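Chemist: When you get a sec, could you give me coordinates for this:
(chains A and B)
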Amino acid sequence: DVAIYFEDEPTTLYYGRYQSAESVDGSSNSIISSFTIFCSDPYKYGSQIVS
Amino acid sequence: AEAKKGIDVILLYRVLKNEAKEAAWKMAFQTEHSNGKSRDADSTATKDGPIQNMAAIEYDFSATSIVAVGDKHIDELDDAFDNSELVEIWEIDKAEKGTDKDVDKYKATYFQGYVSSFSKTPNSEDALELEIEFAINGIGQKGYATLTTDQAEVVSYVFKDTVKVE
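Modeler: Numbers count the residues shown, from 1 in each chain, chains lettered A, B, ... in the order given. Now the structure:
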């Protein structure tokens, strides 16, 4: 597992890793496709607080 | 050079089963007909550019004329449509003539097919009109065809005197 950050949520933390991709066409040099990430701990953490 | 007129192209018909009894006849009062050919082009995209794969030939045929009084061949075409028999079609061009071994012949093309449409709309102020469509097998063949004297000329009068005809 690794840490994943997104710019529209600057105060969250994610855990997951790459799982699979999607097929791409071999007839062009401009490609649109997607891949899937698998998060097994399904919760979204925040900053650390020590009290 | 000289342009080519569309009035020099005519059509001939004959039912297949009567090929050993009669010669092809000409349908009277023809106005226009349409002949078209096309192929379906399938395009596959590669990193170099489109590459085209061609398919078979599709024929599109149609005819139009004016029904004449006392003409028996329309009945033949109607019967052929009813019983679904084969029909022969000749497309003869009168502006081209043969040179060496075909002195009295014109360029033509040969087809066979069925009849798949037979329509007529009579109104109260016009003349009767007929429209026919065909479905064609195989590929048309090329060659040279023969036209008789009475089917290649137009009839007109000549000078006459001013005395009583005896």
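Chemist: The residue of chain A found nearest chain B: how many residues sit nearby?
Modeler: Residue nearest to chain B within chain A (C-beta to the nearest C-beta): residue A:27, separated by 4.6 Å. Every residue, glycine included, has its C-beta placed from N, CA and C. By other C-beta atoms under 10 Å in any protein chain shown, 12 other residues sit near residue A:27.
Chemist: so it is in which element?
Modeler: Under DSSP states H and E, no helix or strand contains residue A:27.
Chemist: what's the closest non-adjacent residue to it?
Modeler: Nearest residue to residue A:27, sequence neighbours excluded (C-beta to C-beta, 6 or more residues apart in numbering or on different chains): residue B:45, at 4.6 Å.
Chemist: Tell me the residues of chain A that contact chain B?
Modeler: When proximity is defined by C-beta under 8 Å from any C-beta of the partner chain, chain A lies next to chain B at A:26-29.
Chemist: if I look at the residue of chain B most remote from its centre, how far off is chain A?
Modeler: Residue farthest from the centre of chain B, counting by C-alpha atoms, centre = their mean, is residue B:47 at 46.8 Å. Distance, residue B:47 to chain A, by C-beta to the nearest C-beta, to the nearest Å: 6 Å.
Chemist: thought that residue was touching residue A:28?
Modeler: Yes: with contact defined as C-beta atoms under 8 Å, residue B:47 counts as touching residue A:28 (7.5 Å).
Chemist: Which strand residues bridge residue B:97?
Modeler: Under DSSP bridges, the beta-bridge partners of residue B:97 are residue B:106.
Chemist: can you map out the strands along chain A?
Modeler: A:2-6, A:9-21, A:35-38 (DSSP state E).
Chemist: Turn those strands into JSON lines, including mean neighbour count.
Modeler: Formatted as JSON lines, these follow (neighbours: other C-beta atoms under 10 Å in any protein chain shown):
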{"stretch": "strand A:2-6", "mean neighbour count": "10"}
{"stretch": "strand A:9-21", "mean neighbour count": "12"}
{"stretch": "strand A:35-38", "mean neighbour count": "10"}
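Chemist: Out of those strands, which is closest to residue B:143?
Modeler: strand A:9-21 (61.9 Å; C-beta to C-beta).
Chemist: Could you name the helices and strands sitting against the closest one?
Modeler: Secondary-structure packing of strand A:9-21 (3 or more C-beta pairs under 8 Å, 6 or more residues apart in numbering or on different chains; DSSP states H and E): strand A:2-6, strand A:35-38.
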